[PDB]
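Trainee: Quick one: structure below, then a few questions.
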Amino acid sequence: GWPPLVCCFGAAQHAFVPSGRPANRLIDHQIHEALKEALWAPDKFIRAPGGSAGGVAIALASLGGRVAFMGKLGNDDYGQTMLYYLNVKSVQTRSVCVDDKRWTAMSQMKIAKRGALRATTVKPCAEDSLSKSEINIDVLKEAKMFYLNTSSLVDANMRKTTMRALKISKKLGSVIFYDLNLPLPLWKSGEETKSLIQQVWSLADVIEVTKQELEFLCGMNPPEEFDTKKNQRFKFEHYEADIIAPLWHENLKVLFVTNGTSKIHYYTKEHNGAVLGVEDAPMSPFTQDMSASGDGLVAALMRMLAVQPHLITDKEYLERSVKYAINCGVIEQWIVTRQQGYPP
Amino acid sequence: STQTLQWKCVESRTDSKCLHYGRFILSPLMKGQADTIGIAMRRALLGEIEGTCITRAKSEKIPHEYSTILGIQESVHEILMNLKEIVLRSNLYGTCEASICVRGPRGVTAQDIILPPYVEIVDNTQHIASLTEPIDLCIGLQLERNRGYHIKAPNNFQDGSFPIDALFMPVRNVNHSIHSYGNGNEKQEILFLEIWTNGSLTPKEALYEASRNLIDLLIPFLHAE
Amino acid sequence: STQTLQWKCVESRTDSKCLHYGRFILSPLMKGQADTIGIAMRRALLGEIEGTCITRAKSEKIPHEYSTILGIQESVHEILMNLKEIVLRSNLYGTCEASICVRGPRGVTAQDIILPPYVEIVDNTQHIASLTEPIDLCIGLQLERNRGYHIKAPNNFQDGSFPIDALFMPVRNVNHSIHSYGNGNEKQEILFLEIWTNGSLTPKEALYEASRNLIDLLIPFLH
Amino acid sequence: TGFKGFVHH
Amino acid sequence: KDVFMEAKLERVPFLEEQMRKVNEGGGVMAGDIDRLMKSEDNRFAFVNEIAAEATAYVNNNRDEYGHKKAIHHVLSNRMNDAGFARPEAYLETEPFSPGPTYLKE
Amino acid sequence: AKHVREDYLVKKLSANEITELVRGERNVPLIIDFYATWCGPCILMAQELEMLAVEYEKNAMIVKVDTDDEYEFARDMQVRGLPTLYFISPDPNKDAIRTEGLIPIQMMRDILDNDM
Amino acid sequence: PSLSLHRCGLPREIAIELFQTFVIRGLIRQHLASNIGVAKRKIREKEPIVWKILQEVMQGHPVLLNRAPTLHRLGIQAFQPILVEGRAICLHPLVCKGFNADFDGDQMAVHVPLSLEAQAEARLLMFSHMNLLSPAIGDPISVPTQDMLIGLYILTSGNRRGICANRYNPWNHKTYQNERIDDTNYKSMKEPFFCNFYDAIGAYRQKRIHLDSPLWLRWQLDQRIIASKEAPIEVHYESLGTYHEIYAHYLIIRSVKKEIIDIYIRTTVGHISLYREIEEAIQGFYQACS
Amino acid sequence: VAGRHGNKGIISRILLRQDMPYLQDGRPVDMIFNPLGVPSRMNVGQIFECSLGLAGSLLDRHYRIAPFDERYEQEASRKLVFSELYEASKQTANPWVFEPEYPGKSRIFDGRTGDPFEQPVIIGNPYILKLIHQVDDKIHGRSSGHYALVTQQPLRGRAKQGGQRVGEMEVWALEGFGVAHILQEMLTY
Amino acid sequence: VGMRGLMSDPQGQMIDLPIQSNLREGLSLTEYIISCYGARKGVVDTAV
Amino acid sequence: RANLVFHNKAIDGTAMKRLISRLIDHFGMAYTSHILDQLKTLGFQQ
């Protein structure tokens, strides 16, 4: 297995959409049929609902290559079917050290409130147990990349799991692949994920922030575009070096700003550069969920990094793969079934 | 390394209410791409976009199509022919109903139509009927959204329900050109597009729908089997 | 409404090591869709796929193409002709280097081409030259990978390299046909695609690649 | 074909 | 010794599409009729024999013909005794037809 | 109404209703949910929710509530993701099994009938 | 033009009034109808299953097409009808001169042989694939006429031979890349050196070359192009055995040891296309008929 | 459909607008004729009209030309047509109307490939008529029906639901082919 | 292209006036009328 | 690979008639019928 692989922390499951907060418009709770009318009225956080950390594997492995998952499963009825599906798919689970006391597929959410329903975790899912000791030895030994749907950051100890893996990141040579795509609580504000998580927000390498997760995650209002407003170009941002200057970090090769399948910036030690993109899924409105942007986009950069491992800080080597990723991500969005909707 | 693909609109004239024109440009396209894009876009624009129109007209106290009415200068067949050119807008698949109930010596135009909530007319002066004497004129109409030219049977007689073989043509004309860029050794080319629509849609929207219908069509192959 | 779009293959036969034949059927298509789809997909299939092939050859101690050397039954022009139809599978960008440095009065095949791991030979029975003298030969190849309709000008005349200007075809012939059926009120239609291929590409990967490379061009109209 | 005619044994 | 052994024997490729248009155009039957008539001296006698054999076929197993075109049946029977697979009665199918009728150009 | 009424058993308790659900005495497992407007895969969850809500006659009360409608209801349950179900036998001051992910409706029969 | 040589096209209105009784068979036997009156009633209402029968009893039943002003023996010919949509009979263009029929408005009468013997006669004696020669002197009766003839002539028209291809004389002692050594710029556009036919067709599909643009094609067969007493214009001979011969339209590189395989033909893609068409037609008919 | 210069025709196919050749302004062609018909019947007068029609359609003017205009000048019709074409190409900037290398012709494109036909094609706006000999007045079909009182044959034509007649030359053809059953059953059965 | 000259009077014999103009250039009134002599004996032949 | 002649001139009207006669005598009236169908299609295309 020569290809630097991508460890996959967070949790282990399928079909887990992240951030939830007010979209462009609302939809009704009367007769639904296909209630996903917000495949064309979301707010870019759901204008690209991706997939989990193990579903990304199928997106790349379809073309071919070597991708795997690290973490644990439940054990019981939900946990053993976890073993069926994650082994029906194309990922690795040979490094499992499950617990045997919680309930699988159930976070369990008793109470911790002064009233009604303000409640927090108790003993989470039987698969959500990764700690400083439950850490796998392998992780960053046959790998140089690492995906994180940052759901591991609402969890207090899933953090220290990965930062004790920073010493696993530097025991051998490796790098992290944080595809941020922040779920609901990390999608909150600037100070929320600048200091409260501290470590993931500034220690990463081939990272994947999004402009929205730099928009509220920095200048809440003044940095509205920088070029746009001239002929007919959508107001995304002109986010570049001076707008990552708050939050860059070192010991990397090249990081990637995602912003969904929209404007993407790459970051080298010689040259920044900038690319663009779009959000798109109307073709037949009854055949879509605008799904697996996190899957399709991320896999594409991984694919090119594998076939041509001489990427490095090359203008054209990365700029195409970004453009390839931009076209890859939108394609997987509007496919009927994700299972067939993984690039082949 | 050299330039990035750019496309823009360079001209847009509104010749009339129901006639719009738009020219577009693409930028550094390498060889072979321009011809494929141009021919695919022309075919899609000519035969993929859908536009709603009136399909069946029902009249009261009229024997047949080729009949005359007192107080009206226009024969019934003339009224059907004039009614086929009314242009409408909608975005929901399905037939709807409409009516027109007007008094006598007025002069009836396209603004006298009564429409469902999601359907609107674009021109508001298209002549549809001329009236001279006071007679109460009531006509019912059916609206449909299909693709391409469709021909219907004369069934569903009632007193009279004349079906007009409405043409579902929102794009009046399409043209394109593939120029040269002179990029030294590398051979690039500049592609110009040109779309004339009838006001049901507009350029940069007919182009959008035409691109999306094509990317519909090309899609099954991406899935395995 | 019913029977959403899909594609299905009935005939898929590999005749030889460098021959590949496939035929594909589409789903219920409305009137007029089949023609446009067939034309667009044929135009994409003919040339859109990048093809990896040699472009140059550096022969040592040969000043002109009509300078056949003793011990080789094929003239220098024939050496280039043989090193024109070799089939390579790759995902390269740009170029690389290669060499042929052997000395044996015997046959030479494609295995003699020293290649980086990302370029792989498709056949092993292809012939290059016919050595019959204990002489040393050196031909420094130069691979390349362009698109379908790529036009390249001769260059690099300093070192005596001989251009081997090639086709960059993974495909060899495309044939599209349509069928139509009428149930009395519906003109359901069907598409048939027939694809030949060189061998460095399974003629089902062509279906995916020639559609992705067309969707990539059609997408920026939504930007 | 009206020249001779068939017999079939 | 004669160096034309394989230059005259190299298989012509791309023939798969020039294998089908023969089969719906009636080319196989036309090219089989002449091969059956390649040894006959008088064609009228051959035609009369075929007609009599078809009449016998209709008489013995009446309640099958009307679709099978017993003349095609006897032609296929005669062509099937020396190889030449020739499916029964030269019957044509519609492998891809979720519909009742082809447009036929 | 009368003979053709509102065809929805799940009324998606959002007000004091759902608040007093964790503040009540019962004898059978209940379910509530936190979904959104777009609702990702949680509608695929909501398909199986309303089906079993109807299926279980008087015992199980399987309901839901929207998050982005009132952002409080988003953070109120430490809701980090979309699938936010709750196998809840009465827990006025105790724990419950918060079901998440995406689960086929036949398996969710077994667990609720083999455990809880 | 899409019809095969052994096929014609009948309108849906004509066919139902000629094969009516065979359709009555198809309805009664298949137990989709009970009585003669019931079957005829089903026929008269244009039921969608009627055409399935009148697409099923016509396959293999020949029909005699007859041109109303009959002139010669080939004025009446048998054909295998197929159902077409419209009101006109589609006829093959090659047999038109056999019928002496134009398309400015003409009428053709159809007849149906009922007897099994008559069907055998029509199929085995009056089909336009065993009547390809006229009885006058024995000359072909179905040959490519005006439009096909023009297409084939344009295909096999060649390049521009002499002063119509070059403005200036090619003697013109210049452009030699002249110096004391042969180490200069080497473009030598010359003409393409395609391996075989299919390489030439492929390169033509990319629009790299035009139809009449000349090219060199290697020959791996015997001599086929019609030559004559002729003369080789210029045969170069190196100090070592090379035998570089240049004829009027082909080049031969022999030697003093062995392997006279360097035969190269100057040609255009049109001639290659025609030869490939004929060759693959033969090799496809041979293998289709086993 | 027939023209005014003896160029008759039978409609063979009807194509969708996206499947027909278009000029260099994108307008689809409305009718396609066969060029070979001009050298045979030797009616060049249509071509002039063709070209002239184009000019009218691009200038909102109608021409009423008396015959034999070659009395004022030599090749006066050529001057008229070419001057009108140039004026139409200059007043409305359509440089394809009068190409000053093959006047009256232009290079049209292919409606199903987006390729230009290799040679320039003559285009125009001629006046085409529709003739009374319609196909629905010429179809026929008869399995059985009325027979004549005496001869006991199908009556005649289409009004009486008759059958097509075979006689003389037709029989001579059937005897030539050596088909006896076919000829027999067209006289007895 | 060329000349249509020397049409024939119906009762044999040639006509003195020669048709010295093409069909591209256009016949004159007298030349066109002369060409009608051979036009009539083209339809009194197809009917005979 | 068949037994044919590689034409390198203009196949005019009288050359087409000669070619059909030679293909008939060398192959028969069953092989020629398929050639004529192919030449008709290729002639109409060009």
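All residue names refer to the structure tokens as shown: chains lettered A, B, ... in order, residues numbered from 1 in each chain, ligands numbered from 1 in order.
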Among range 17-140 of chain H, which ones does DSSP place in alpha helix (DSSP H), written as a ChimeraX atom specification?
Mentor: /H:37-41,45-57,76-91
Trainee: Find the residues around range 114-129 of chain B up to 10 Å (only C-alpha atoms counted), leave out those fewer than 4 positions away in its own chain, and share them as a ChimeraX atom specification.
Mentor: /B:16-19,52,72-76,78-92,96-101,106-110,140-141,143,198-201
Trainee: Output N, CA and C atoms for every residue in that selection, as a CSV table (one decimal), in the first residue's frame.
Mentor:
```csv
chain,number,residue,atom,x,y,z
B,16,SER,N,-38.9,43.7,-29.2
B,16,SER,CA,-40.3,43.9,-28.9
B,16,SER,C,-40.6,43.1,-27.6
B,17,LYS,N,-41.9,43.2,-27.2
B,17,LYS,CA,-42.3,42.5,-26.0
B,17,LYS,C,-42.0,41.0,-26.1
B,18,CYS,N,-42.4,40.4,-27.2
B,18,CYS,CA,-42.3,38.9,-27.4
B,18,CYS,C,-41.1,38.6,-28.3
B,19,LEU,N,-40.0,39.3,-28.2
B,19,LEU,CA,-38.9,39.0,-29.1
B,19,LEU,C,-37.6,39.5,-28.4
B,52,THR,N,-45.0,26.6,-22.3
B,52,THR,CA,-46.4,26.4,-22.2
B,52,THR,C,-47.2,27.2,-23.2
B,72,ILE,N,-69.1,40.2,-34.8
B,72,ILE,CA,-67.6,39.9,-34.7
B,72,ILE,C,-67.1,39.9,-36.2
B,73,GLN,N,-66.1,40.7,-36.4
B,73,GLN,CA,-65.5,40.8,-37.7
B,73,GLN,C,-64.6,39.6,-38.0
B,74,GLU,N,-64.2,38.8,-37.0
B,74,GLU,CA,-63.3,37.7,-37.2
B,74,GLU,C,-64.0,36.4,-37.2
B,75,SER,N,-63.8,35.5,-38.2
B,75,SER,CA,-64.4,34.2,-38.2
B,75,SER,C,-63.8,33.4,-37.0
B,76,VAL,N,-64.5,32.3,-36.7
B,76,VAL,CA,-64.1,31.4,-35.6
B,76,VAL,C,-62.7,30.8,-35.9
B,78,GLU,N,-60.4,32.1,-37.7
B,78,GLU,CA,-59.4,33.2,-37.6
B,78,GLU,C,-59.1,33.4,-36.1
B,79,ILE,N,-60.1,33.3,-35.2
B,79,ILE,CA,-59.9,33.4,-33.8
B,79,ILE,C,-59.0,32.3,-33.3
B,80,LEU,N,-59.2,31.1,-33.7
B,80,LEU,CA,-58.2,30.0,-33.3
B,80,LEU,C,-56.8,30.4,-33.8
B,81,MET,N,-56.7,30.8,-35.0
B,81,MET,CA,-55.3,31.1,-35.6
B,81,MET,C,-54.7,32.2,-34.8
B,82,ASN,N,-55.4,33.3,-34.5
B,82,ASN,CA,-54.9,34.4,-33.7
B,82,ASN,C,-54.6,34.0,-32.3
B,83,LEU,N,-55.3,33.0,-31.7
B,83,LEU,CA,-55.1,32.5,-30.4
B,83,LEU,C,-53.9,31.7,-30.2
B,84,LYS,N,-53.4,31.0,-31.2
B,84,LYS,CA,-52.3,30.1,-31.1
B,84,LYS,C,-51.0,30.9,-30.8
B,85,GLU,N,-50.9,32.2,-31.1
B,85,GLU,CA,-49.7,33.0,-31.0
B,85,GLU,C,-49.6,33.6,-29.6
B,86,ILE,N,-50.5,33.4,-28.7
B,86,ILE,CA,-50.4,34.0,-27.4
B,86,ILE,C,-49.3,33.3,-26.7
B,87,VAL,N,-48.4,34.0,-26.0
B,87,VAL,CA,-47.2,33.5,-25.3
B,87,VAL,C,-47.4,33.6,-23.8
B,88,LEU,N,-47.1,32.5,-23.1
B,88,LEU,CA,-47.3,32.4,-21.7
B,88,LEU,C,-46.1,31.9,-21.0
B,89,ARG,N,-46.1,32.0,-19.7
B,89,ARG,CA,-45.0,31.5,-18.9
B,89,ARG,C,-45.5,30.6,-17.8
B,90,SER,N,-44.8,29.6,-17.4
B,90,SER,CA,-45.0,28.7,-16.3
B,90,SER,C,-43.8,27.8,-16.1
B,91,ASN,N,-43.8,27.1,-14.9
B,91,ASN,CA,-42.7,26.2,-14.6
B,91,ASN,C,-43.2,24.9,-14.0
B,92,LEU,N,-44.5,24.6,-14.0
B,92,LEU,CA,-45.1,23.4,-13.4
B,92,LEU,C,-45.7,22.5,-14.5
B,96,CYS,N,-53.8,23.2,-17.3
B,96,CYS,CA,-54.6,24.1,-16.5
B,96,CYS,C,-55.7,24.6,-17.4
B,97,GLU,N,-56.6,25.4,-16.8
B,97,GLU,CA,-57.8,25.9,-17.5
B,97,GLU,C,-57.8,27.5,-17.4
B,98,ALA,N,-58.4,28.1,-18.3
B,98,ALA,CA,-58.5,29.6,-18.3
B,98,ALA,C,-59.8,29.9,-19.1
B,99,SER,N,-60.2,31.2,-18.9
B,99,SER,CA,-61.4,31.7,-19.5
B,99,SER,C,-61.3,33.1,-20.0
B,100,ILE,N,-62.2,33.5,-20.8
B,100,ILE,CA,-62.3,34.9,-21.3
B,100,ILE,C,-63.7,35.2,-21.5
B,101,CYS,N,-64.3,36.1,-20.7
B,101,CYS,CA,-65.7,36.6,-20.7
B,101,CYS,C,-65.7,38.1,-20.9
B,106,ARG,N,-66.0,46.3,-27.7
B,106,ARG,CA,-64.8,46.7,-27.0
B,106,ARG,C,-63.5,46.5,-27.8
B,107,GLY,N,-63.3,45.4,-28.4
B,107,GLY,CA,-62.0,45.1,-28.9
B,107,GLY,C,-61.2,44.3,-28.0
B,108,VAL,N,-61.0,43.0,-28.2
B,108,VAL,CA,-60.5,42.1,-27.2
B,108,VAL,C,-59.0,41.8,-27.5
B,109,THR,N,-58.2,42.0,-26.4
B,109,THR,CA,-56.7,41.8,-26.6
B,109,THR,C,-56.3,40.6,-25.6
B,110,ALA,N,-55.0,40.4,-25.5
B,110,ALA,CA,-54.5,39.3,-24.7
B,110,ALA,C,-54.5,39.6,-23.2
B,140,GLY,N,-63.7,29.4,-23.3
B,140,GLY,CA,-62.9,28.6,-22.3
B,140,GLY,C,-61.7,28.1,-23.1
B,141,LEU,N,-60.5,28.1,-22.4
B,141,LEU,CA,-59.3,27.6,-23.0
B,141,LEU,C,-58.5,26.7,-22.0
B,143,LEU,N,-54.6,25.2,-21.1
B,143,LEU,CA,-53.1,25.5,-21.3
B,143,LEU,C,-52.3,24.2,-20.9
B,198,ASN,N,-38.7,34.2,-27.9
B,198,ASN,CA,-40.0,34.8,-28.1
B,198,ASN,C,-40.6,35.5,-26.9
B,199,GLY,N,-39.8,35.7,-25.9
B,199,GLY,CA,-40.3,36.4,-24.7
B,199,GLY,C,-40.8,35.4,-23.6
B,200,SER,N,-41.1,34.2,-23.9
B,200,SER,CA,-41.5,33.2,-22.9
B,200,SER,C,-40.3,33.0,-21.9
B,201,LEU,N,-39.1,32.9,-22.5
B,201,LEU,CA,-37.9,32.9,-21.7
B,201,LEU,C,-37.1,34.1,-22.1
```
Trainee: Skipping near chain neighbours, those fewer than 3 positions away, what residues fall within 10 Å of residue 4 in chain D using only C-alpha atoms, listed as a PDB file with N, CA, C and O atoms, in the first residue's frame?
Mentor:
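File written: part33.pdb
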```
ATOM      1  N   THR D   1     -42.045 -23.392 -64.563  1.00  0.00           N
ATOM      2  CA  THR D   1     -42.460 -24.377 -63.576  1.00  0.00           C
ATOM      3  C   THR D   1     -43.702 -25.150 -63.993  1.00  0.00           C
ATOM      4  O   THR D   1     -44.082 -26.100 -63.300  1.00  0.00           O
ATOM      5  N   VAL D   7     -43.572 -35.125 -59.224  1.00  0.00           N
ATOM      6  CA  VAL D   7     -44.103 -36.473 -59.064  1.00  0.00           C
ATOM      7  C   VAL D   7     -43.892 -36.990 -57.645  1.00  0.00           C
ATOM      8  O   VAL D   7     -44.831 -37.469 -57.000  1.00  0.00           O
TER       9      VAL D   7
ATOM     10  N   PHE E  44     -36.415 -24.385 -62.196  1.00  0.00           N
ATOM     11  CA  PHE E  44     -37.855 -24.587 -62.072  1.00  0.00           C
ATOM     12  C   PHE E  44     -38.171 -25.875 -61.323  1.00  0.00           C
ATOM     13  O   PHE E  44     -39.100 -25.916 -60.509  1.00  0.00           O
ATOM     14  N   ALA E  45     -37.411 -26.940 -61.587  1.00  0.00           N
ATOM     15  CA  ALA E  45     -37.605 -28.184 -60.852  1.00  0.00           C
ATOM     16  C   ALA E  45     -37.311 -27.999 -59.371  1.00  0.00           C
ATOM     17  O   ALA E  45     -38.029 -28.529 -58.516  1.00  0.00           O
ATOM     18  N   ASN E  48     -40.251 -26.144 -57.854  1.00  0.00           N
ATOM     19  CA  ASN E  48     -41.413 -27.016 -57.718  1.00  0.00           C
ATOM     20  C   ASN E  48     -41.233 -28.008 -56.577  1.00  0.00           C
ATOM     21  O   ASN E  48     -42.183 -28.297 -55.839  1.00  0.00           O
TER      22      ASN E  48
END
```
Trainee: Residues within 12 Å of range 15-22 of chain J, please, as JSON, numbers by chain. Count only C-alpha atoms; anything in the same chain fewer than 5 positions from it doesn't count.
Mentor: {"G": [132, 133, 134, 138, 139, 140, 141, 142, 143, 144, 145, 146, 148, 149, 150, 152, 153, 156, 278], "J": [3, 4, 5, 6, 7, 9, 10, 27, 28, 29, 31, 32, 33, 34, 35, 36, 39, 40, 43]}
Trainee: Could you write out that same residue set with C-alpha atoms as a compact mmCIF listing (two decimals), in the first residue's frame?
Mentor:
```txt
# COMPACT_ATOMS: atom_id res chain seq x y z
CA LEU G 132 -29.12 -8.42 -61.85
CA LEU G 133 -28.41 -8.77 -65.60
CA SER G 134 -30.52 -7.63 -68.53
CA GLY G 138 -25.93 -9.35 -70.56
CA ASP G 139 -25.12 -5.97 -69.05
CA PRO G 140 -25.78 -4.87 -65.45
CA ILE G 141 -29.24 -3.46 -64.82
CA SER G 142 -28.69 -2.11 -61.27
CA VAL G 143 -25.67 0.21 -61.25
CA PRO G 144 -25.02 3.37 -59.19
CA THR G 145 -26.95 6.12 -60.97
CA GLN G 146 -26.60 9.93 -60.86
CA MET G 148 -24.29 7.69 -56.11
CA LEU G 149 -22.18 8.00 -59.25
CA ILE G 150 -21.28 11.60 -58.39
CA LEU G 152 -18.14 7.81 -56.00
CA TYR G 153 -16.52 10.06 -58.61
CA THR G 156 -12.10 8.75 -56.31
CA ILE G 278 -15.75 -3.10 -50.97
CA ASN J 3 -9.16 -10.61 -54.62
CA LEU J 4 -9.69 -7.01 -55.74
CA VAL J 5 -7.98 -4.20 -57.64
CA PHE J 6 -6.95 -0.98 -55.89
CA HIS J 7 -8.35 1.79 -58.08
CA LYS J 9 -8.22 6.89 -61.04
CA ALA J 10 -11.67 8.41 -61.57
CA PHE J 27 -18.39 -13.53 -56.99
CA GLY J 28 -21.90 -14.10 -58.36
CA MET J 29 -25.22 -12.31 -58.15
CA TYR J 31 -22.36 -11.26 -53.30
CA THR J 32 -22.84 -8.37 -55.74
CA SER J 33 -26.27 -7.49 -54.34
CA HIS J 34 -24.63 -6.65 -51.01
CA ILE J 35 -21.85 -4.66 -52.69
CA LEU J 36 -24.41 -2.53 -54.51
CA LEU J 39 -21.79 1.40 -52.66
CA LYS J 40 -25.19 3.11 -52.74
CA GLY J 43 -22.03 7.11 -52.76
```
Trainee: Considering only C-alpha atoms, return as a PyMOL selection string whatever protein or nucleic-acid residues lie within 6 Å of range 192-208 of chain C, sequence-local ones (same chain, fewer than 5 positions apart) excluded.
Mentor: (chain B and resi 221-222) or (chain C and resi 18-25+88-89+122+170-178)
Trainee: Need the shell around residue 84 in chain H: protein/DNA/RNA residues with any atom at most 12 Å away, counting only C-alpha atoms. Skip same-chain ones fewer than 6 positions apart. Format as a list in words?
Mentor: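 These residues fall inside the cut-off: residues 48, 49, 51, 52, 53, 54, 55, 56, 57, 58, 59, 60, 61, 62, 63, 77, 78, 90, 91, 97, 98, 103 and 104 of chain H.
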Trainee: Would you mind exporting N, CA, C and O atoms of the selected residues as a compact mmCIF listing (two decimals), in the first residue's frame?
Mentor:
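Wrote again-v6.txt, looks like this:
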```
# COMPACT_ATOMS: atom_id res chain seq x y z
N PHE H 48 -31.97 32.10 -61.16
CA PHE H 48 -32.10 33.55 -61.06
C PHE H 48 -33.17 33.92 -60.04
O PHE H 48 -32.88 34.56 -59.03
N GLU H 49 -34.40 33.44 -60.27
CA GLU H 49 -35.49 33.75 -59.36
C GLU H 49 -35.09 33.42 -57.93
O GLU H 49 -35.21 34.27 -57.03
N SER H 51 -32.14 33.28 -56.42
CA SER H 51 -31.27 34.30 -55.85
C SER H 51 -32.03 35.60 -55.64
O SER H 51 -32.00 36.18 -54.55
N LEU H 52 -32.80 36.01 -56.65
CA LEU H 52 -33.51 37.28 -56.54
C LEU H 52 -34.46 37.26 -55.36
O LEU H 52 -34.55 38.24 -54.61
N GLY H 53 -35.13 36.12 -55.14
CA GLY H 53 -36.05 36.04 -54.02
C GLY H 53 -35.36 36.39 -52.72
O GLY H 53 -35.88 37.18 -51.92
N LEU H 54 -34.15 35.86 -52.52
CA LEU H 54 -33.40 36.16 -51.30
C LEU H 54 -33.31 37.66 -51.09
O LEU H 54 -33.67 38.17 -50.02
N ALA H 55 -32.91 38.39 -52.13
CA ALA H 55 -32.76 39.83 -52.01
C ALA H 55 -34.06 40.46 -51.53
O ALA H 55 -34.06 41.25 -50.57
N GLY H 56 -35.18 40.08 -52.13
CA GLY H 56 -36.45 40.63 -51.71
C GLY H 56 -36.71 40.37 -50.24
O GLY H 56 -37.05 41.29 -49.48
N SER H 57 -36.48 39.14 -49.80
CA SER H 57 -36.73 38.79 -48.41
C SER H 57 -35.86 39.59 -47.45
O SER H 57 -36.22 39.74 -46.28
N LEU H 58 -34.73 40.10 -47.92
CA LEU H 58 -33.84 40.88 -47.08
C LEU H 58 -33.95 42.38 -47.32
O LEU H 58 -33.17 43.14 -46.74
N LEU H 59 -34.89 42.82 -48.16
CA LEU H 59 -35.00 44.23 -48.47
C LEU H 59 -36.43 44.76 -48.42
O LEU H 59 -36.63 45.96 -48.61
N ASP H 60 -37.42 43.90 -48.15
CA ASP H 60 -38.82 44.31 -48.10
C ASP H 60 -39.25 44.99 -49.40
O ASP H 60 -39.86 46.06 -49.40
N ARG H 61 -38.90 44.37 -50.52
CA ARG H 61 -39.30 44.86 -51.83
C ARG H 61 -39.69 43.68 -52.71
O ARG H 61 -39.17 42.57 -52.55
N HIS H 62 -40.60 43.93 -53.65
CA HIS H 62 -41.08 42.92 -54.58
C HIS H 62 -40.79 43.37 -56.00
O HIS H 62 -40.96 44.55 -56.33
N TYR H 63 -40.35 42.44 -56.83
CA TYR H 63 -39.97 42.72 -58.21
C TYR H 63 -41.02 42.17 -59.17
O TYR H 63 -41.48 41.04 -59.02
N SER H 77 -30.16 40.28 -66.85
CA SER H 77 -30.68 39.58 -65.67
C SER H 77 -29.57 39.32 -64.66
O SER H 77 -29.79 39.40 -63.45
N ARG H 78 -28.37 38.99 -65.15
CA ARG H 78 -27.23 38.82 -64.26
C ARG H 78 -26.92 40.10 -63.50
O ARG H 78 -26.71 40.09 -62.28
N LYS H 90 -25.24 44.68 -48.41
CA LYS H 90 -24.62 45.88 -47.87
C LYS H 90 -25.55 46.64 -46.94
O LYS H 90 -25.12 47.09 -45.87
N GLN H 91 -26.82 46.82 -47.32
CA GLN H 91 -27.76 47.54 -46.46
C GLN H 91 -27.96 46.82 -45.14
O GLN H 91 -27.93 47.44 -44.07
N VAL H 97 -24.58 36.93 -48.25
CA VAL H 97 -25.58 37.02 -49.31
C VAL H 97 -24.91 37.13 -50.67
O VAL H 97 -25.30 36.45 -51.63
N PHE H 98 -23.89 37.98 -50.78
CA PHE H 98 -23.14 38.16 -52.01
C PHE H 98 -21.67 37.89 -51.70
O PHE H 98 -20.93 38.80 -51.31
N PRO H 103 -20.57 34.36 -56.82
CA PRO H 103 -21.76 35.16 -56.49
C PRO H 103 -23.05 34.35 -56.58
O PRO H 103 -23.22 33.52 -57.47
N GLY H 104 -23.95 34.61 -55.64
CA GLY H 104 -25.20 33.90 -55.54
C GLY H 104 -25.14 32.66 -54.67
O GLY H 104 -26.19 32.19 -54.22
```
Trainee: Excluding same-chain residues fewer than 4 positions from residue 26 in chain G, what lies within 8 Å of it counting only C-alpha atoms, as a ChimeraX atom specification?
Mentor: /E:66 /G:22,30,53,57
Trainee: How far is it from CA of residue 148 in chain B to CA of residue 284 in chain A, in Å with one decimal?
Mentor: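 Here the two named atoms are 17.9 Å from each other.
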